[PDB]
Structures are given as structure tokens and as C-alpha cells.
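Okay, so here's just one chain, in C-alpha cells, the form deposited in one PDB entry.
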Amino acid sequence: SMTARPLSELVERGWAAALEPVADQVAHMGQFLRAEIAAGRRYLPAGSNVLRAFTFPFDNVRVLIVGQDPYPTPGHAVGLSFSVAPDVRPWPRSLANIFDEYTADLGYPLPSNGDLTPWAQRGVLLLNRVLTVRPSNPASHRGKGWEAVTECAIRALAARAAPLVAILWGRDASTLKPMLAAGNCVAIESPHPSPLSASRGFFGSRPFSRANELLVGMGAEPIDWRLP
């Protein structure tokens, strides 16, 4: 529980230090979620998954992907932006659109399922700008305190003595751009992959190949994007 336990317990060691400036804020978000339940409102993902993106090592991140907020439909969000459990079908529409761009860009077959944990295990941070949502109500937790947390995460990544490539999908993700100003960081921005915006420039954006080009141009290893 993020109200009750500290970052050293909740997240990976490097992330716990990176998020020190927002330690009180994370506890406050735990208190917000408690109050939602007390009032009879729900949230997604499950409490134990809210900080999941920060359970993969901070020092290993080479690319971050940033979306808006978790999937609104119960049974979809798992704490890793855009990912679903390997037994979910049909895929969420945003994810189907991501995978159509993945095939168009990379030439790979469609993935077997919607589980993006291989990316997380290969140095991709799968972050949402806001880390909870009320069911059925996209953006319902915008402005409730998560933005300071995810801002802190990006600044800390950007401060490391390492290259970083950010892929910012949609308007709320784009508000992290200022924090990526330093010369070791590069940002790719496009419209969000949901059907409401994907046809404004997400399709054809080739983010995966571009990210790898950028990493190689900074002396870093490219991501193996191939999903099984």
C-alpha cells in the first residue's frame, strides 16, 4: 500500500531514490485512493499494480513511452502503460492501433497477445502521465496529484549520465517535454494511438524505428521491440 509503506518497499531501489522528492506525494496519492473507496468510487489498476512501472530498474531504462492514464475498462490496466494481461482478448482499441503501427514500422507479425512486459524487461519504461483512473471515466484522475510524481520520474531519468529517448503519446504526455531539455535526452511526440486521435499522426509515425535510430546516434544499444 502506497499510503502505508515507503518507496524502498514499493519500487525498485534506483526508482526509490529517484522518487525521493515525491515521497510524501506518493503517500498522499495513497490517501486519495483510500478516500475514493470510502466514498464508493473505484479505481484502476489494482492498488498493487499502480507503481508497477517503477519495479523494473531505473538504471536500465533507455526508452520511456508515456501515455495519458490507465485503461478505463476493468480487467485491462495492469500498471504498465498500454499493456494488458497475456489472456486478454480482444485487445483494447489503442493497443490494436499500437500493434498496427508496430507491424507497419518494424515489419514484424502481429504479436500473439497484448502483454508488453518484454519491453519493460528490455529497458522500456511504460509510464502513464496519471497512474490511476475511475472505471469507465477516462481522465477522471487528471489533476489529482499524480502529475508531480510522473514529472519527478522524468526529471530523474533525464538527470542520469545516460542517453534517454522519450516517446510521448498524446497531449498529457506532451507536458513532460520541458523536463527533457538536456542534451542527453531526445523526445518523439505524436498524437495518442486511441481511435479519437490516431489518424492525426500516430499512424505512420514509426516511433519504434525512430527511437532505435536515436539510441544508436547517442551510442546506446537499440531496443529489441520484437514481441512473441
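Heads up: residue numbers just count along the shown sequence, starting at 1. Rigid core here is just the name for the largest C-alpha set that superposes within 1.5 Å across the two forms.
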*Should the higher mean CA B-factor in the entry be assigned to 40-48 or to 193-201?*
40-48
*Out of 63-71 and 174-182, which one has CA B-factors that are higher on average in the deposited record?*
174-182
*Highest Cα B-factor in the PDB entry belongs to which of 83, 137, 97, 150?*
137
*Taking the entry's C-alpha B-factors for this chain, is residue 211 in the lowest, middle or highest third?*
lowest
*Taking the C-alpha B-factors as the PDB entry records them, is residue 103 in the lowest, middle or highest third of its chain?*
middle
*Would you mind checking where the Cα B-factor of residue 110 ranks among the modelled residues of its chain, as the lowest, middle or highest third?*
highest
*Compare the C-alpha B factor of residue 79 with those of the other modelled residues in its chain, then answer lowest, middle or highest third.*
lowest
_residue 27, C-alpha B-factor rank within chain (lowest, middle or highest third)_ = middle
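What comes next is about the form deposited in another entry, which is not displayed.
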*Fit the core first: which of 175, 60, 49, 55 then shifts its CA by 2 Å or more between this form and the one not shown?*
175
